[PDB]
Amino acid sequence: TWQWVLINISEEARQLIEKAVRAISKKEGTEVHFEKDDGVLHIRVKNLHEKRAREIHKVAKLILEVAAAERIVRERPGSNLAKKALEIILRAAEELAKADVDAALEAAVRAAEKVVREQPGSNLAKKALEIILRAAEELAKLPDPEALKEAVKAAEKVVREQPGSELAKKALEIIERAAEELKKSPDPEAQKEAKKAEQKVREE
Amino acid sequence: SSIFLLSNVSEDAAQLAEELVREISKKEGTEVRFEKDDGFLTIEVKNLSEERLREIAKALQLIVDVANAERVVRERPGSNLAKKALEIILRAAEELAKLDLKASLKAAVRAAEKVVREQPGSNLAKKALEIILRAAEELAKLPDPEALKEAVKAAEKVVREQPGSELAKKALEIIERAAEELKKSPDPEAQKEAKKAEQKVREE
């Protein structure tokens, strides 16, 4: 039995940790219980082995490390220190993108997006776009529809930031391959997003 | 089993957090581990009751409630937003003063002393000094040498700030009770500071 108590955690980090724990626990076929008391998030997991619990701790560390470095950047420190913190974000986003969890891949996307928005057209912005594309490739492999909807949205940010780049070409392939998988779903909302995705690749 | 994730806290808040979890753990004789993890504190407690776990949660939530409000005080000094943060610091310090632990009481003394420093002579300082005396009274009842030393220093702070007040008379009563227990300590340094405190009680 395992329990995680999140105190003074930002909502972005909390929800990504909620989805990461719920994902890793379904892998071992275990139920998860969440409750929010006085701004404290209690995550209780039952019958979880050490291997999956250590995987929860690694993903939770990286998400909090990204949030800790984003807090320094948003404090407008020295530009030299801010650059050092953006490299910390990209380092944790790289490992978050090397994990099978959907929430970890979604965390690597949102982490690398803030680096692109912080310094557009920089060497780190290009490395951040590599992280966004690395996460979109693993996110398109996953079967869930929500993962496919984030794989297209993430790849669309690569073609928006660097149109005509080498990364944008692969991002368009990811959008096409993910939209074809979305066409398999009978739900009209999945078919709608697949058509707008196909129309975006047709427009470019 | 239980992992506490604490983010966006200073070094002083983290040190008070570690000692508080260690003290609540001895009530059940459990095992606790800490990790500093660059920007967020990780606390793992094994085989602890859910009540004790939720006592750690509310105590750590009060500590970060003080740390977050202090951050506002040190950034917009003199604003009406600072006056609101000082009332939040006192509201959390009052609840920490009711908790009968050395770390929880030290956190209430340091917090309320920060309100005395920011708003001298105001009604907030008077409410803060009452919390300092409430925590000093609980510290004197604790059977620990360092807790008795802190009760003397906290109540001596009250007589230094507003002397000849109704609170200064109550402070001298607390100083006397703590010094009477300090003289029973075999520690020579405790014997020395107990006489210095009892000498200050004869005066005023």
# chains A, B, ... in the order shown; residues from 1 in each chain; ligands from 1
>>> closest_atom_pairs(of="chain A", to="chain B", cutoff="9 Å", atoms="only C-alpha atoms", output="JSON lines")
{"residue": "A:1", "atom": "CA", "partner": "B:1", "partner_atom": "CA", "distance": 6.1}
{"residue": "A:2", "atom": "CA", "partner": "B:1", "partner_atom": "CA", "distance": 4.5}
{"residue": "A:3", "atom": "CA", "partner": "B:2", "partner_atom": "CA", "distance": 4.5}
{"residue": "A:4", "atom": "CA", "partner": "B:3", "partner_atom": "CA", "distance": 4.8}
{"residue": "A:5", "atom": "CA", "partner": "B:4", "partner_atom": "CA", "distance": 4.6}
{"residue": "A:6", "atom": "CA", "partner": "B:5", "partner_atom": "CA", "distance": 4.9}
{"residue": "A:7", "atom": "CA", "partner": "B:6", "partner_atom": "CA", "distance": 5.1}
{"residue": "A:8", "atom": "CA", "partner": "B:7", "partner_atom": "CA", "distance": 5.7}
{"residue": "A:9", "atom": "CA", "partner": "B:7", "partner_atom": "CA", "distance": 5.9}
{"residue": "A:10", "atom": "CA", "partner": "B:7", "partner_atom": "CA", "distance": 8.6}
{"residue": "A:38", "atom": "CA", "partner": "B:61", "partner_atom": "CA", "distance": 8.1}
{"residue": "A:39", "atom": "CA", "partner": "B:61", "partner_atom": "CA", "distance": 8.2}
{"residue": "A:40", "atom": "CA", "partner": "B:61", "partner_atom": "CA", "distance": 7.5}
{"residue": "A:44", "atom": "CA", "partner": "B:2", "partner_atom": "CA", "distance": 8.7}
{"residue": "A:61", "atom": "CA", "partner": "B:37", "partner_atom": "CA", "distance": 8.0}
{"residue": "A:64", "atom": "CA", "partner": "B:40", "partner_atom": "CA", "distance": 7.1}
{"residue": "A:65", "atom": "CA", "partner": "B:39", "partner_atom": "CA", "distance": 6.9}
{"residue": "A:67", "atom": "CA", "partner": "B:39", "partner_atom": "CA", "distance": 8.8}
{"residue": "A:68", "atom": "CA", "partner": "B:39", "partner_atom": "CA", "distance": 5.5}
{"residue": "A:69", "atom": "CA", "partner": "B:39", "partner_atom": "CA", "distance": 8.1}
{"residue": "A:71", "atom": "CA", "partner": "B:8", "partner_atom": "CA", "distance": 8.6}
>>> residues_around(residues="stretch 134-139 of chain B", least_positions_apart="2", cutoff="12 Å", atoms="only C-alpha atoms", output="JSON, numbers by chain")
{"B": [93, 94, 95, 96, 97, 98, 99, 100, 101, 102, 103, 104, 105, 106, 107, 108, 109, 110, 111, 112, 113, 127, 128, 129, 130, 131, 132, 141, 142, 143, 144, 145, 146, 147, 148, 149, 150, 151, 152, 153, 154, 155, 156, 157, 158, 167, 170, 171, 172, 173, 174, 175, 176, 177, 178, 179, 181]}
>>> select_by_dssp(residues="chain B", states="strand (DSSP E or B)", output="MDAnalysis selection string")
chainID B and resid 2:7 31:35 40:46
>>> atom_distance(atom1="atom CA of residue A:135", atom2="atom CA of residue A:98")
7.7 Å
>>> residues_around(residues="residue B:74", least_positions_apart="3", cutoff="12 Å", atoms="only C-alpha atoms", output="JSON, numbers by chain")
{"B": [67, 68, 69, 70, 71, 77, 78, 79, 81, 82, 83, 85, 86, 114, 115, 117, 118]}
>>> atom_distance(atom1="atom CA of residue B:24", atom2="atom CA of residue B:55")
8.2 Å
>>> atom_distance(atom1="atom CA of residue A:154", atom2="atom CA of residue A:74")
22.6 Å
>>> closest_residue(among="A:43, A:101, A:66, A:92", to="residue A:27", atoms="only C-alpha atoms")
A:101
>>> residues_around(residues="residue A:122", least_positions_apart="4", cutoff="12 Å", atoms="only C-alpha atoms", output="tab-separated table (two decimals) with N, CA and C atoms, in the first residue's frame")
chain	number	residue	atom	x	y	z
A	83	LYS	N	18.77	31.01	-18.39
A	83	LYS	CA	19.18	30.03	-19.40
A	83	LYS	C	19.57	28.71	-18.76
A	86	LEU	N	16.34	26.94	-17.90
A	86	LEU	CA	15.67	26.37	-19.07
A	86	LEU	C	16.32	25.06	-19.49
A	115	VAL	N	9.70	26.58	-22.69
A	115	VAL	CA	11.02	27.00	-23.13
A	115	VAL	C	10.95	27.66	-24.50
A	116	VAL	N	10.12	27.12	-25.40
A	116	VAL	CA	9.95	27.72	-26.72
A	116	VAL	C	9.32	29.10	-26.59
A	117	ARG	N	8.34	29.25	-25.70
A	117	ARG	CA	7.70	30.55	-25.51
A	117	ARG	C	8.63	31.53	-24.81
A	118	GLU	N	9.55	31.04	-23.98
A	118	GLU	CA	10.44	31.94	-23.24
A	118	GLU	C	11.45	32.60	-24.17
A	126	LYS	N	14.99	25.03	-30.30
A	126	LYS	CA	15.07	23.91	-31.23
A	126	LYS	C	15.16	22.58	-30.49
A	127	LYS	N	15.99	22.52	-29.44
A	127	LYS	CA	16.06	21.31	-28.63
A	127	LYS	C	14.75	21.04	-27.91
A	128	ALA	N	14.01	22.10	-27.56
A	128	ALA	CA	12.69	21.92	-26.98
A	128	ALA	C	11.71	21.34	-28.00
A	129	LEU	N	11.81	21.79	-29.25
A	129	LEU	CA	10.96	21.23	-30.30
A	129	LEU	C	11.30	19.77	-30.56
A	161	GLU	N	5.93	26.69	-34.84
A	161	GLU	CA	7.14	27.39	-34.41
A	161	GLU	C	8.22	27.35	-35.48
A	162	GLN	N	8.36	26.23	-36.18
A	162	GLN	CA	9.37	26.08	-37.24
A	162	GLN	C	8.70	25.53	-38.49
